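Chemist: Shown below is the structure under consideration.
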Amino acid sequence: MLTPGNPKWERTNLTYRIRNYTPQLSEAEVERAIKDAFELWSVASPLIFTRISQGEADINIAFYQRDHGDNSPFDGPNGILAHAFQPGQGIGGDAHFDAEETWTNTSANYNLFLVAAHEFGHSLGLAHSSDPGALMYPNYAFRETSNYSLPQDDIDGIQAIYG
Ligand SMILES: O=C1CC=C(NS(=O)(=O)c2ccc(-c3ccccc3)cc2)CC1=O
Ligand SMILES: [Ca+2]
Ligand SMILES: [Ca+2]
Ligand SMILES: [Zn+2]
Ligand SMILES: [Zn+2]
């Protein structure tokens, strides 16, 4: 294909739900981080993300600690910050964030917006990139969060799947 293992969504309007929050940020700050992370992908693709407040969404977002029901346990502070599942029904698309992290909306470690943007790449069908400037690079690095600019390698990736 282009990246087998990873598939793709069959429709362009996807719903998301934030299931819980982190004490590290206000509820509004979490909502804004997640919304803007989706917007990054939306402005480079045909995808439209619609928030729901309750019920079943395509993409569930949640903060969990250690074992949390999906056979991929988190590991406490640092290390694994988050993970996400490839497009599909059920857990497909879902994104989990390690609740034991310091989550920020600054340059201090683990800016939630940046980590969420990376995870949502996985939720949409992207794998890791070898480009260190790419959001989809395997390791966390801070980058400026002032606008909705996706690095060009990530634009190439989402365009290759969805146009
Ligand atoms: O399935 C997984 C599980 C864990 C991964 N690593 S991570 O949670 O520690 C992580 C690494 C980098 C980022 C990131 C780096 C730079 C910009 C934005 C996000 C976010 C989370 C990556 C991954 O793909
Ligand atoms: Ca961790
Ligand atoms: Ca899902
Ligand atoms: Zn999980
Ligand atoms: Zn990743």
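We label chains A, B, ... in the order they appear in the structure tokens, count residues from 1 in each chain, and number ligands from 1 in the order shown.
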Skip segment 71-75 of chain A itself and residues of its chain fewer than 4 positions away, then list as a short mmCIF file (atom, residue, chain, number, x, y, z; two decimals) with N, CA and C atoms, in the first residue's frame all residues within 10 Å of it, counting only C-alpha atoms.
Modeler:
data_model
loop_
_atom_site.label_atom_id
_atom_site.label_comp_id
_atom_site.auth_asym_id
_atom_site.auth_seq_id
_atom_site.Cartn_x
_atom_site.Cartn_y
_atom_site.Cartn_z
N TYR A 64 -5.20 8.01 31.49
CA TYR A 64 -5.16 6.80 32.31
C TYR A 64 -3.77 6.57 32.88
N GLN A 65 -3.71 5.80 33.96
CA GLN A 65 -2.46 5.40 34.61
C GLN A 65 -2.20 3.91 34.45
N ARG A 66 -0.93 3.54 34.27
CA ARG A 66 -0.48 2.14 34.33
C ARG A 66 -1.41 1.23 33.52
N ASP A 67 -1.86 0.12 34.10
CA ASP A 67 -2.80 -0.76 33.40
C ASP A 67 -4.14 -0.07 33.23
N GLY A 79 9.05 8.58 29.99
CA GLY A 79 8.94 7.39 29.16
C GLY A 79 7.81 7.51 28.14
N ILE A 80 6.92 6.52 28.11
CA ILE A 80 5.73 6.56 27.26
C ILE A 80 4.83 7.69 27.73
N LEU A 81 4.51 8.64 26.85
CA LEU A 81 3.65 9.74 27.26
C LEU A 81 2.18 9.51 26.92
N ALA A 82 1.95 8.73 25.86
CA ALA A 82 0.62 8.54 25.27
C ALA A 82 0.71 7.45 24.21
N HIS A 83 -0.43 6.95 23.76
CA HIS A 83 -0.45 6.08 22.59
C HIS A 83 -1.82 6.15 21.93
N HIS A 96 -4.93 7.53 24.19
CA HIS A 96 -4.78 7.53 25.64
C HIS A 96 -3.54 8.29 26.06
N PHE A 97 -3.65 9.08 27.13
CA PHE A 97 -2.55 9.92 27.62
C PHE A 97 -2.20 9.49 29.03
N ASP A 98 -0.90 9.40 29.32
CA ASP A 98 -0.46 8.93 30.62
C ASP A 98 -0.79 9.98 31.68
N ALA A 99 -1.67 9.61 32.60
CA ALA A 99 -2.17 10.54 33.60
C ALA A 99 -1.11 10.94 34.63
N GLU A 100 0.02 10.25 34.62
CA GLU A 100 1.09 10.56 35.58
C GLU A 100 2.09 11.59 35.05
N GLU A 101 1.86 12.10 33.85
CA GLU A 101 2.74 13.14 33.30
C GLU A 101 2.38 14.53 33.79
#
Chemist: Need the shell around residue 119 of chain A: protein/DNA/RNA residues with any atom at most 10 Å away, counting only C-alpha atoms. Skip same-chain ones fewer than 5 positions apart. Format as a list in words?
Modeler: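 The contact residues come out as residues 37, 81, 82, 83, 84, 85, 86, 93, 94, 95, 96, 97, 113, 114, 124, 126, 127, 135 and 136 of chain A.
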Chemist: Between A:105, A:45, A:68, A:15, which residue has the minimum interatomic distance to residue 32 of chain A, considering only C-alpha atoms?
Modeler: A:105
Chemist: What's the 10 Å shell around residue 55 of chain A, counting only C-alpha atoms, without same-chain residues fewer than 4 positions away, as a list in words?
Modeler: residues 16, 17, 19 and 60 of chain A
Chemist: Go through the chains and note each residue within 8 Å of ligand 3, using only C-alpha atoms and all ligand atoms, then give the set as a VMD selection string.
Modeler: chain A and resid 57 to 60 87 to 94
Chemist: Figure out the distance between atom CA of residue 110 of chain A and atom CA of residue 140 of chain A, please, to one decimal in Å.
Modeler: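 Result for atom CA of residue 140 of chain A versus atom CA of residue 110 of chain A: 7.6 Å, one decimal.
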Chemist: For residue 163 of chain A, please output as a PyMOL selection string all residues within 10 Å (counting only C-alpha atoms; exclusion window: fewer than 6 positions along the same chain).
Modeler: chain A and resi 44-47+155-157
Chemist: For N, CA, C and O atoms, I'd like the residues from the last selection saved as a tab-separated table (two decimals), in the first residue's frame.
Modeler:
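In the end it all went to selection_28.tsv:
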chain	number	residue	atom	x	y	z
A	44	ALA	N	-4.96	20.37	6.71
A	44	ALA	CA	-4.08	19.76	5.70
A	44	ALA	C	-4.73	18.56	5.01
A	44	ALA	O	-4.06	17.81	4.30
A	45	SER	N	-6.03	18.37	5.21
A	45	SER	CA	-6.74	17.18	4.72
A	45	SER	C	-8.23	17.51	4.57
A	45	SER	O	-8.62	18.62	4.89
A	46	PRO	N	-9.06	16.56	4.09
A	46	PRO	CA	-10.50	16.84	4.06
A	46	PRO	C	-11.22	16.53	5.38
A	46	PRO	O	-12.43	16.65	5.46
A	47	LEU	N	-10.47	16.11	6.38
A	47	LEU	CA	-11.08	15.64	7.61
A	47	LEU	C	-11.70	16.78	8.41
A	47	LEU	O	-11.13	17.87	8.52
A	155	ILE	N	2.26	16.84	6.56
A	155	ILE	CA	1.34	17.20	5.48
A	155	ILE	C	1.46	16.17	4.37
A	155	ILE	O	0.46	15.66	3.88
A	156	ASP	N	2.69	15.82	4.00
A	156	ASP	CA	2.88	14.77	3.00
A	156	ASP	C	2.20	13.46	3.40
A	156	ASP	O	1.55	12.79	2.58
A	157	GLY	N	2.33	13.10	4.67
A	157	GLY	CA	1.74	11.87	5.17
A	157	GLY	C	0.22	11.84	5.13
A	157	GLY	O	-0.38	10.89	4.64
